[PDB]
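Comments concern the structure below.
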Amino acid sequence: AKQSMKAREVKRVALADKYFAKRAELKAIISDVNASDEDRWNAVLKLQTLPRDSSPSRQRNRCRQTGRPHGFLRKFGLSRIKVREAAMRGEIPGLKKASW
Amino acid sequence: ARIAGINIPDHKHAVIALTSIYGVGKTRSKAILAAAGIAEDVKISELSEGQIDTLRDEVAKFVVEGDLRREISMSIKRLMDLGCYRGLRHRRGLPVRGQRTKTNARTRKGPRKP
Amino acid sequence: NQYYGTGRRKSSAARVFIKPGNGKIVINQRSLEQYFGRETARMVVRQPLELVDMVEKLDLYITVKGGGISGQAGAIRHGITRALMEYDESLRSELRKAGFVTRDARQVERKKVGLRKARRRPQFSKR
Amino acid sequence: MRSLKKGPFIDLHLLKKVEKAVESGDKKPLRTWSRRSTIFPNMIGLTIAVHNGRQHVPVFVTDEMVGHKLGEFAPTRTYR
Amino acid sequence: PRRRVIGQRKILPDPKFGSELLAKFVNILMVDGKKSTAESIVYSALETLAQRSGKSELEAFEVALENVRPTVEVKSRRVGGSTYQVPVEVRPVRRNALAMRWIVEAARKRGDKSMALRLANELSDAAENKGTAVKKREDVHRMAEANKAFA
Amino acid sequence: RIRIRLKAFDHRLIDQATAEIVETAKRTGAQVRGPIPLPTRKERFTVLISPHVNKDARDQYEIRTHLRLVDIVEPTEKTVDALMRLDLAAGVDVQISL
RNA sequence: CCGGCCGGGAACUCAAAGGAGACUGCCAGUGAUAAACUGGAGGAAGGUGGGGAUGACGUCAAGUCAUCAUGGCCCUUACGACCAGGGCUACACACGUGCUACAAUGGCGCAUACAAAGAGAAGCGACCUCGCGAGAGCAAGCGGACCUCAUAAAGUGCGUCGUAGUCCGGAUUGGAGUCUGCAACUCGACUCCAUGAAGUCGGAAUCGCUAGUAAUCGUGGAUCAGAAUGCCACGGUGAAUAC
Ligand SMILES: [Mg+2]
Ligand SMILES: [Mg+2]
Ligand SMILES: [Mg+2]
Ligand SMILES: [Mg+2]
Ligand SMILES: [Mg+2]
Ligand SMILES: [Mg+2]
Ligand SMILES: [Mg+2]
Ligand SMILES: [Mg+2]
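Protein chains in written order, with the entry's author numbering: chain sn, 1 to 100; chain sm, 1 to 114; chain si, 3 to 129; chain ss, 1 to 80; chain sg, 2 to 152; chain sj, 5 to 102.
Structure below.
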């Protein structure tokens, strides 16, 4: 889906494991009741210097086969339509038609 | 009896009689009675003047009818003449908490006029 | 020594043991009067016993799990009739003549996609 | 930053920019695209210009406007 | 319906008197499907009905019902530019379950305080042959005579 | 003293693995507890049927996860040696806790 | 230390594998002696027992070129690509689907019974302490019939409110806050104090429902850093009526 947008997702993935797996102290460690001098004020100020790509806030979590932004399913990683196209054919193991 | 502005309602439970004061609701009315040593079930009519006397001064610790309306009007006037967003919304008589005005907001706009 | 019945009315399964003796009923380590309280829940337990008029003859030990008030109370009425089914044999025809033997299989049904609650459709306006 | 536990917020680019201004006082209006930043009492007497989407409008600072975020004083959508 | 004829369900008797007629009364009076409070009103008004006037509690009910059962009711059929309401006799099974609906509905318009006080007052009124339930019964009877030329 | 719990997407396949494991335990000579069926987990999904509107028409799926447990009690030195990679089945999870 | 708490038992509820069962099978009557129909016994179940999945040839050249692919047509220093801010939330009005109510078969306060299904690893988060509260701190347990979400609510027992725009109603607004999140003004959710609007059963008209159904009360899940009165699913109480 509009290959331009697909390239954004992996650019934001690359900058997500690059920083916010290690540069998380500023938003987690230096946030609580400790030395209350400007070092906390440095932590708040320094967190913006990192690029806009934060870990959770800028991941649309789109489908893996078409890159459809909506209708995502976290378990299968496909949209609501590819799941029925990676179908009842038998691609997905143990997933049959439900009737209770 | 007679409290800061006026306490008309006798024949009502004291905890719910002071709620007729512009600034005393239910959690404060409960607090004031306990602070003054008066229970809640006791009716205001049964209260001898040895009790209401302490009630006319307890309310002086909370801003009430005599000044509360002046502050709120002053509070609104500060935003209205400031020129900020919430002043503009007050100026036009529209919702100020940022909600739908497309269909609802009859309470703020007014009665349905074509 | 003991005789048994299950009862399974509306998602509440019981288990009843019937002991010859006087008339006393203990359910889930509580007395009959205090566990239910509802007049339609402490007579429906009694209904099988009063019909056969034993009432004061049997000592009952009871544990009930799951369900609600009338579901459990109905379940017990089933188990008691099943308990009475065991240690007497000629009583079936009269007991079945007043119910108490049919399981009463009526459960809550699905919600169904497209339906608002379980069978109620949303309001349909043509235009 | 919408909590006392975290502290009042201003952007780094705005924070360093205003510091240079007060070093020389009032000057030409400051053009900024920041609307999410609170207003600090160190820039009272300036005429900073916020960007509402199409143009930069100058907002005059005053002691009263010291707790409101910058974007409050730039109507983003026009009406009648 | 139109194809399948069918019988009626079985009603469990009330826990205090064992009469199915009052077992339906707690069903008609019940709203939101909570028999607990529905039966709480019925016996409360039934008790104060016995002490006020008449004897027993299951007997003062049946005397009251005699003065609200309609013998004949009008069913309307569409013919031409208007409709004619043709009277027809009412079977007994409908008759009982119809009078009770009138009693409850008329006892929801009373000016008394709680439903316990309203229901007993109307029931006592029925045995004395007055009230708003018997007001409807006479009207249904009166309409029959007016349209008995259309029988 | 070691618990073997088996998870699979079909009951017939999970029975093939649990049947040999008691046979191997019987081959150790004695002392098997016998497989016990734990409650089954069922995830139900509801995806839309169309690329577009007609939201009211959907498809409902379900994946089951059948469970077993054998609870080996006596750990012979030949039990541990022989109970590795002898499941003879593909697509069945194995988990052994000491 | 009356807590399944401990030895202990495989009976019981339950878990999940495999079987038995219901077929107009049996009896009477009606029927063209037939198909079948009306009843009777036994049975947990009686006439396709309840529900679900399953949707014939085709109609509307119905919807989707914006899930995806593809015939043509077109832009190709652009109609492609990157970024900051804003809009998708605008409001004299109109329509549709819903939540809350307009109260006494109710409001509030205290105390207390009974569920089912389902979720969890940059996740669910006990315990204890703190804070009036949202929540904060240290922080066990569990990739799970054990650990967490998680105290179910309508109900029941006691007390008060006595028909008032009311101890009903909760919008709107001023102030004070908490949590995610680079960031909460445009435009988040939630908490504390105060204020208390319309509403006292709704014109023509019109919708759903035949049994564990309507009505009524709560819990869960998907999406999801945060953000549903919607969607999907579960159970508790439980009708009236079909001439
Ligand atoms: Mg996101
Ligand atoms: Mg339900
Ligand atoms: Mg689970
Ligand atoms: Mg078929
Ligand atoms: Mg942008
Ligand atoms: Mg929109
Ligand atoms: Mg009014
Ligand atoms: Mg969420």
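The C-beta atom is built at its ideal place from N, Cα and C for all residues, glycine as well.
Considering only C-alpha positions, which residue in the set the options is nearest to residue i?
{"i": "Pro56 (chain sn)", "options": "sn:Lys22, sn:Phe72, sn:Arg12, sn:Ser79", "result": "sn:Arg12"}
{"i": "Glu78 (chain sj)", "options": "sj:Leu87, sj:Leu71, sj:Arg72, sj:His70", "result": "sj:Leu87"}
{"i": "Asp60 (chain sj)", "options": "si:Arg129, si:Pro124, si:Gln36", "result": "si:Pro124"}
{"i": "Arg95 (chain sg)", "options": "sg:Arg70, sg:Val6, sg:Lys149, sg:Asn28", "result": "sg:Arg70"}
{"i": "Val18 (chain si)", "options": "si:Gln74, si:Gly69, si:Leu93", "result": "si:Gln74"}
{"i": "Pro16 (chain sg)", "options": "sg:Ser37, sg:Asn130, sg:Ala51", "result": "sg:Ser37"}
{"i": "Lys67 (chain si)", "options": "si:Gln31, si:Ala107, si:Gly23", "result": "si:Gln31"}
{"i": "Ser57 (chain sg)", "options": "sg:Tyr85, sg:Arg3, sg:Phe18", "result": "sg:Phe18"}
{"i": "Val51 (chain sj)", "options": "sn:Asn34, sn:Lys75, sn:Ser36", "result": "sn:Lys75"}
{"i": "residue 130 (chain si)", "options": "si:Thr83, si:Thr104, si:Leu51", "result": "Outside the shown range of chain si (3 to 129) lies residue 130 (chain si), about which nothing can therefore be said."}
{"i": "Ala100 (chain si)", "options": "si:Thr65, si:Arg79, si:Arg129, si:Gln36", "result": "si:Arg79"}
{"i": "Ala107 (chain si)", "options": "si:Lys12, si:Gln4, si:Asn3", "result": "si:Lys12"}
{"i": "residue 154 (chain sg)", "options": "sg:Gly8, sg:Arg10, sg:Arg4, sg:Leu59", "result": "A query on residue 154 (chain sg) cannot be resolved here, the shown segment of chain sg reaching from 2 to 152 and no further."}
Do residue i and residue j have their C-beta atoms closer together than 9 Å?
{"i": "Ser14 (chain si)", "j": "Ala43 (chain si)", "result": "no"}
{"i": "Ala152 (chain sg)", "j": "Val87 (chain sg)", "result": "yes"}
{"i": "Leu60 (chain si)", "j": "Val28 (chain si)", "result": "no"}
{"i": "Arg35 (chain ss)", "j": "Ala74 (chain ss)", "result": "yes"}
{"i": "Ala108 (chain sg)", "j": "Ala134 (chain sg)", "result": "yes"}
{"i": "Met65 (chain ss)", "j": "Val57 (chain ss)", "result": "no"}
{"i": "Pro43 (chain sj)", "j": "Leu71 (chain sj)", "result": "yes"}
{"i": "residue 144 (chain sm)", "j": "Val64 (chain sm)", "result": "The structure shown does not extend to residue 144 (chain sm), since chain sm spans only 1 to 114, so no value can be given for it."}
{"i": "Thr32 (chain ss)", "j": "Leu14 (chain ss)", "result": "yes"}
{"i": "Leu50 (chain sg)", "j": "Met101 (chain sg)", "result": "no"}
{"i": "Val22 (chain ss)", "j": "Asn52 (chain ss)", "result": "no"}
{"i": "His90 (chain sm)", "j": "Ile76 (chain sm)", "result": "yes"}
{"i": "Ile6 (chain sj)", "j": "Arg37 (chain sj)", "result": "no"}
{"i": "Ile52 (chain sm)", "j": "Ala4 (chain sm)", "result": "no"}
{"i": "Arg40 (chain sn)", "j": "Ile30 (chain sn)", "result": "yes"}
{"i": "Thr8 (chain si)", "j": "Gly70 (chain si)", "result": "no"}
{"i": "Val43 (chain sg)", "j": "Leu120 (chain sg)", "result": "yes"}
{"i": "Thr32 (chain sj)", "j": "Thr69 (chain sj)", "result": "no"}
{"i": "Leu70 (chain ss)", "j": "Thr47 (chain ss)", "result": "no"}
Given that residue i touches chain sm, what residues does it touch there, using C-beta distances under 9 Å?
{"i": "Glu64 (chain ss)", "result": "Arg78, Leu82"}
Assuming residue i is part of the beta strand (DSSP E), what are its boundary residues?
{"i": "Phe20 (chain sn)", "result": "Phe20 (chain sn) -> no beta strand (DSSP E), and no H or E assigned at all."}
{"i": "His51 (chain ss)", "result": "49-51"}
{"i": "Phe19 (chain si)", "result": "15-22"}
Along the chain, where does the alpha helix (DSSP H) that runs through residue i open and close?
{"i": "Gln64 (chain sj)", "result": "Here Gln64 (chain sj) belongs to no alpha helix (DSSP H); instead the beta strand (DSSP E) covers 62-73."}
{"i": "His80 (chain si)", "result": "71-89"}
{"i": "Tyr44 (chain sg)", "result": "36-53"}
{"i": "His90 (chain sm)", "result": "85-92"}
{"i": "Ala21 (chain ss)", "result": "12-24"}
{"i": "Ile104 (chain sg)", "result": "93-107"}
Quick one: is residue i buried, meaning 16 or more other Cβ sit within 10 Å of its Cβ, or exposed?
{"i": "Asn122 (chain sg)", "result": "buried"}
{"i": "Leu47 (chain sg)", "result": "buried"}
{"i": "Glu63 (chain sg)", "result": "exposed"}
{"i": "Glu40 (chain sg)", "result": "buried"}
{"i": "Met1 (chain ss)", "result": "exposed"}
{"i": "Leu90 (chain sj)", "result": "exposed"}
{"i": "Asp113 (chain sg)", "result": "exposed"}
{"i": "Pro39 (chain sj)", "result": "buried"}
{"i": "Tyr37 (chain si)", "result": "buried"}
{"i": "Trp103 (chain sg)", "result": "buried"}
By the criterion of Cβ-Cβ separation under 8 Å, what are the contact partners of residue i in chain sn?
{"i": "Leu52 (chain sj)", "result": "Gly71, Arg80, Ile81"}
{"i": "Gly7 (chain ss)", "result": "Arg40, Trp41, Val44"}
If the cut is a Cβ gap below 7 Å, which residues of chain sj does residue i touch?
{"i": "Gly116 (chain si)", "result": "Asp60"}
What in chain si is Cβ-close to residue i, meaning under 8 Å?
{"i": "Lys36 (chain sg)", "result": "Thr42"}
{"i": "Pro2 (chain sg)", "result": "Within chain si, no residue comes near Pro2 (chain sg); the closest Cβ sits about 17 Å away, beyond 8 Å."}
{"i": "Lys131 (chain sg)", "result": "Per Cβ cutoff of 8 Å: no residues; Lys131 (chain sg) is ~32 Å from chain si at best."}
What does residue i touch in chain sn if you count any residue whose Cβ is under 7 Å from its own?
{"i": "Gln64 (chain sj)", "result": "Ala98"}
Under 9 Å between beta-carbons, which chain ss residues line up against residue i? List them in chain order, please.
{"i": "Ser31 (chain sn)", "result": "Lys5, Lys6"}
Please list the partners that residue i has in chain ss, where partner means a Cβ-to-Cβ separation under 7 Å.
{"i": "residue 141 (chain sm)", "result": "No answer is possible for residue 141 (chain sm): the residues shown for chain sm start at 1 and end at 114."}
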